[PDB]
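Undergrad: Pasting the sequence and an experimental structure:
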Amino acid sequence: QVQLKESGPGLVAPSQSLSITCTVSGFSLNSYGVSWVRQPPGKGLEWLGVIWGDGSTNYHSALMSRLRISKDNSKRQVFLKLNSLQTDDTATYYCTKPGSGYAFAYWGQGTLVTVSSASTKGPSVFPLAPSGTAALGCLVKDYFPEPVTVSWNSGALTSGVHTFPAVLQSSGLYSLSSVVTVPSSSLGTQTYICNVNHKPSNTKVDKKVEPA
Amino acid sequence: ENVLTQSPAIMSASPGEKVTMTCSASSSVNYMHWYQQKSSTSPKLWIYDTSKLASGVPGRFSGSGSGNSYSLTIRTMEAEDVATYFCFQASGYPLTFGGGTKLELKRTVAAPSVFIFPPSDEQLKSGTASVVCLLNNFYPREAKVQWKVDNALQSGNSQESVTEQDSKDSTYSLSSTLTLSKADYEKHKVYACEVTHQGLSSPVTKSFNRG
Ligand SMILES: CC(=O)N[C@H]1[C@H](O[C@H]2[C@@H](O)[C@@H](CO)O[C@H](O[C@@H]3[C@H](O)[C@@H](O)[C@H](O[C@H]4[C@H](O)[C@@H](O)[C@H](O)O[C@@H]4CO)O[C@@H]3CO)[C@@H]2O)O[C@H](CO)[C@H](O)[C@@H]1O[C@@H]1O[C@H](CO)[C@H](O)[C@H](O[C@]2(C(=O)O)C[C@H](O)[C@@H](NC(C)=O)[C@H]([C@H](O)[C@H](O)CO)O2)[C@H]1O
């Protein structure tokens, strides 16, 4: 069971440096290369570099200068350090193991990294109240950085839920809606709570949505 | 840099249709790889050395090509094949990916159901007013929403957001949010949302009166 898992900061200032540790298991770093790939938000994939079994390294030429990859074979860890951070280093970073065809056979989950100088900010949560079928929802305004997760009645309500991707406001803050359609008959008896979690500001909010 | 251009960027297919996307490389390589990615989670290796299937990949998938020009093919499109597919070369540095080919499912036209939400009394106490128009369960993607306050057309004071194709019924949904200041909201009466869409013979309007 080959596994990789990244952990890094989530939000760093430009000109500081990004440090990400990949913690692996189920293969030996002495014998095997680990690569690093990133995905800017809503774009495709960019390869960054590799550290092979022998300790040697190949970096992407756009970055061979601001990037270092290193490891500790004993601790089961690969390290990525990227300096002189720019706004376009904002991205989800993965580590990968090359296997078949030297193509990336195994991937970690990935960590979102947002490059900005601004401070964290938890969202306000407002209800979108209902008027056969009724629509109701939650508006999640003015948070930074990504992500938020939304659920309804603590995971018990998934049928009919649309949670929108987050939109960037003029403030430079994010905003996002989650809606759900239910039968209008159920408005009297049933209880709709939306469960908004912003891990970066440590915010949890449960908004009972009521009829208008 | 071996730039990998994928054709097309975006395409759709009914269940049972054969699909073929291509990857076209600026420098000749001898082996092309493909990943599949679903909705922001980690890419899975899908095809390596041009035509070998990775672990887990159904037989309906194959790959082929040489030199400058490769392709991935699905014998018969299935619902669980909705993803973005990336080509990849590891034949020279830097290692490079395509821009991806996004594969979505065909289905019939469906008009949106349109709902409109006044701003909460909760939000108004805080000094801003967000008015939300919901367009629900429509196909295809393209949909014009514009706003009217006392019949005056609004412009660049609203934004749209869109779901990925829904995995039960293959439709989209859209939220439009008109932003105003508390004061500006409070000096008008009729807020209206006019949606235009190919499934509608005539555009649908939803509105409310402020009180
Ligand atoms: C051998 C080589 O040159 N490797 C390069 C690698 O070249 C590939 C690549 O360009 C691909 C395209 O993706 O084209 C060729 O490979 C073709 C197929 O893709 C490939 O599947 C096929 O493999 C054959 C193999 O030849 C047979 O022997 C085997 O029995 O069957 C398979 C299946 O057919 O061969 C095809 C060609 O005939 C090229 O060969 O490209 C990458 C970049 O993408 C690197 O440049 C590779 O070279 C590495 O260079 C570094 C230094 O920069 C090291 O020298 C590294 O060696 C180690 C390491 O230090 O980590 C040595 C370790 O012993 C080794 N570990 C083990 C257990 O073997 C590891 C390990 O192999 C890798 O970490 C991958 O996990 O590599 C070089 O590999």
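TA: Structure received. Numbers count the residues shown, from 1 in each chain, chains lettered A, B, ... in the order given.
Undergrad: Closest residue of chain B to the ligand?
TA: Proximity of chain B to the ligand (C-beta to the nearest ligand atom) peaks at residue B:90, 3.4 Å away. (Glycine included, C-beta is placed from N, CA and C.)
Undergrad: What backbone torsions are found at the closest residue to that residue other than its chain neighbours?
TA: Of all residues not flanking residue B:90 in the chain, residue A:102 sits nearest, at 4.7 Å (C-beta to C-beta, 6 or more residues apart in numbering or on different chains). Dihedral pair for residue A:102: phi 60, psi 20, per degrees, to the nearest 10.
Undergrad: any idea how far residue A:102 is from residue B:15?
TA: Distance from residue A:102 to residue B:15, counting by C-beta to C-beta, to the nearest Å: 35 Å.
Undergrad: Between the two, tell me which one has more neighbours.
TA: A direct count of neighbours by other C-beta atoms under 10 Å in any protein chain shown for residue A:102 and residue B:15 places residue A:102 higher, at 17 against 13.
Undergrad: these two touch, right, that one and residue B:89?
TA: No - judged on C-beta atoms under 8 Å, residue A:102 makes no contact with residue B:89 at a distance of 10.1 Å.
Undergrad: Could you tell me which residues of chain B lie near the ligand?
TA: Residues of chain B lying close to the ligand by C-beta under 6 Å from any ligand atom are B:31, B:49, B:90-91, B:95.
Undergrad: Show me which of those residues are buried.
TA: Neighbour-count burial (16 or more other C-beta atoms under 10 Å in any protein chain shown) is assigned, among the residues of chain B next to the ligand, to B:31, B:90-91, B:95.
Undergrad: and stretch A:89-107, how far apart are its ends?
TA: End-to-end distance for stretch A:89-107: 20 Å, by C-alpha to C-alpha, to the nearest Å.
Undergrad: wait, what's in contact with residue A:2?
TA: A:24-27, A:97, A:99, A:105-106 (C-beta atoms under 8 Å, 6 or more residues apart in numbering or on different chains).
Undergrad: Narrow the residues you listed to those that are buried.
TA: Neighbour counting by 16+ other C-beta under 10 Å classes A:24, A:27, A:97, A:99, A:105-106 among the contacts of residue A:2 as buried.
Undergrad: Next, name the residue at the spatial heart of the chain.
TA: Unless you meant another one, I'm taking chain A. Computing the C-alpha centroid of chain A and ranking residues by C-alpha atoms, centre = their mean puts residue A:112 first, at 3.9 Å.
Undergrad: that's the wrong chain, I wanted chain B
TA: Mean-position check on chain B, C-alpha atoms, centre = their mean. Result residue B:164 at 5.0 Å.
Undergrad: ok now do the residue nearest to residue A:100 when sequence neighbours are not counted, which residues does it touch?
TA: Distance criterion C-beta to C-beta, 6+ apart; nearest residue to residue A:100, sequence neighbours excluded, is residue B:48 at 4.7 Å. Applying C-beta under 8 Å, 6+ apart to residue B:48 gives the contacts A:100-101, A:103, A:105, B:31, B:33-34, B:54.
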